[PDB]
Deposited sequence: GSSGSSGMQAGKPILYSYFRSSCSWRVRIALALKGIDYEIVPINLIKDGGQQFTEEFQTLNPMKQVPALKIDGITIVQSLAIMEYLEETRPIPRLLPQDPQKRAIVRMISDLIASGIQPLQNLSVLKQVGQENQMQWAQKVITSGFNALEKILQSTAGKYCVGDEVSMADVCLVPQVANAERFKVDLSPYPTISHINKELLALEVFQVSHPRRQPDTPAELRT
């Protein structure tokens, strides 16, 4: 009857989809545990980018992607930079399969390298959010990545644009109700 997100409280990819579901006003059921997976309109969709593009097309407002194709490409660039460039190079597969202390070093080089790139891009693109003054898919991707950075003790002081946009976004209900610390599978001593 109602959509099902297979989710994990610590998965940045799952949070993206929870922000996008909340943003589109879609009520869903959470089954905690490949995640995210989303059962919707009688089909199953893996991969948060794919999920979010489906949501954008079937539930247009609010827009994750602006109307001007050129603007859409910048929002997609940033999003994919996060989802294809930073995040996979610090997936749980990679981390536990290379020590329990090296995992943090490698994670920090990856996140800093991407944030060095992304912060420079945002000097051109950002208004109040990643691309101009309207929330986009880029913002949905950013916040969960910035939360990873905090988790691996990345200092955000060299990334003042990323940090400002991040705090603008975390002030919105759709980024709070979907928070890793407000989930069914959230450990009681992390709230």
Would you mind checking the deposited sequence against the model and listing the stretches with no C-alpha coordinates?
1-10, 44-64, 223
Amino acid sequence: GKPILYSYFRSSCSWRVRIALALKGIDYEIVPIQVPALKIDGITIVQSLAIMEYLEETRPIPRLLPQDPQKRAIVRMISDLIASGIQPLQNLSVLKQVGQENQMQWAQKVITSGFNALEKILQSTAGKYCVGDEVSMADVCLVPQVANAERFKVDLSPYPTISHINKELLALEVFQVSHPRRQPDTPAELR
From here on, numbers count along this sequence of modelled residues.
Highest mean C-alpha temperature factor of the two stretches 171-179 and 17-25, which is it?
171-179
Please compare 97-105 with 83-91 and say which has the higher mean C-alpha temperature factor in the record.
97-105
From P32, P144, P69, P60, the top C-alpha temperature factor is at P32
Which one, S136, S48, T44, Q123, has the peak C-alpha temperature factor per the PDB entry?
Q123
Sort the modelled residues of this chain by their C-alpha B factor and say whether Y54 lands in the lowest, middle or highest third.
lowest
